[PDB]
Structure formats: C-alpha cells, structure tokens
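Participant: sequence first, structure after; it's an experimental one.
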Amino acid sequence: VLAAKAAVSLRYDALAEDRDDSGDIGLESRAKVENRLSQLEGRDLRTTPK
RNA sequence: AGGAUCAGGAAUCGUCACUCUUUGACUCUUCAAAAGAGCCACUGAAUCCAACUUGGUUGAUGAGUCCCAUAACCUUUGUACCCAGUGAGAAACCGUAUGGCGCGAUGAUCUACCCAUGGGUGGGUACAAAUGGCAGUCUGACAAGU
C-alpha cells in the first residue's frame, strides 16, 4: 500500500514542474494508507462469539 | 568356629513456596472406521453461494526480508609460504717507549625435475578481485462486512 502510494507520491515529486513543495499529495496518500491500516487492524482473525 | 531364615549401622522435624519428572483424569484428536434413545416444535449461533454494501488496477490479495545478493561455493589473475625454519660456521694488519671496529652465540652463515651452486616449471595452503561462473529482475483482481 505504501509502495503503491510511493509511486503516486514520488512521481508527484519527481515529475511536477509546478509544485507546492508542501507534502499534501503524500499526506493525502498517507491518510488513506493509515485508513487502510486502521481498517486492517479492525479485522480480527479470531472467533468472536455472541 | 564361619554364613543365611524368622551393636563397627546416617535416618524421631504437625510444609511454606518454587522448579522438574512421572502417571492418571480431562476438552478434544489421527490411526479409521463403525454405532447413534431416534421424531416434532420453539429459539440461538456458525458456515457456504447468491445478494447487497464499503474499499480497490492513483493497486485489493498472495507472498521464505532477515537462512545475512551485505552472501555461500567456485573460477581466473597479481603476491606470502612449504614437502617459517635450518643454527657454528664464514674470510687470510697496524697513529706518533708504548695505545685499538681486526668476525662470530650478545649469531658466524643460509633461505617432486632438468641445466656447471644463475634461472624456473609442478602441487597444497591464504587473501585481495570479478559488469565471472553457479544463476534467468514479483503477482495483479478481487478482497472485506451483513
């Protein structure tokens, strides 16, 4: 997921002539990566009985 | 007089924990099945497809980092050795009545084959090194919740 978003982030940094130089797209990526992480730890592989 | 049945020799503790081993129970469980106190109903849970939802090729899932590609094992090219050690043997006079580096243990002396003690070939052992071998640059479509 990071190695995905790294390609979205690095090419935002290595290939943009106009650039804020301010880390937004990387943070827009990292918010979703953290959200995938927070959805991922939400799941549990155990048995949750009622 | 020596031995074995019914004085020459340690063993009188009102337990606390801890660890270890041991067997037994135990929920199970493979060998591997087979038998089922049987049927209804109520109610609960779980699973699986369909469904729907949310996320996703701006990459969902699957995945032996670490057993080190940071390598192992070689392979070729430049050096250090040995079938460091050997250790007593190497060369034949003397400034103006008298004075010494004239060796040497405190070290003199050397560093499997052919060629008259000049040169090297052959094998083991070690390393440096490889844009050398061995040795050929991941997937990609569902996933997850009810």
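Facilitator: Good, I have the coordinates. Numbering: from 1, shown residues only, chains lettered A, B, ... in the order given.
Participant: from residue A:33, how far off is the residue of chain A found nearest RNA strand B?
Facilitator: Closest contact between chain A and RNA strand B, by CB to the nearest atom of the strand, is at residue A:4 (3.4 Å). Where you see a C-beta, it was placed from the backbone N, CA and C, and this is true even at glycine. Noted for residue A:4: a distance of 8 Å to residue A:33, by CB to CB, to the nearest Å.
Participant: so the two - more neighbours on which side?
Facilitator: More crowded of residue A:4 and residue A:33, by other CB atoms under 10 Å: residue A:33, with 16 against 12.
Participant: before we move on, the earlier item: tell me which element the residue of chain A closest to RNA strand B falls in.
Facilitator: Secondary structure assigned from DSSP states H and E places residue A:4 in helix A:2-14.
Participant: ok, now residue A:31?
Facilitator: helix A:24-40.
Participant: contacts for that helix?
Facilitator: Taking contacts as CB atoms under 8 Å, 6 or more residues apart in numbering, the residues outside helix A:24-40 that touch it are A:1, A:2, A:5, A:8, A:9, A:12, A:13.
Participant: what about the residue at minimal distance from the centre of chain A, distance to residue A:12?
Facilitator: Within chain A, one residue has its C-alpha closest to the average C-alpha position: by CA atoms, centre = their mean, that is residue A:33, at 2.6 Å. To residue A:12, residue A:33 is 14 Å away according to CB to CB.
Participant: with that, I have no additional questions.
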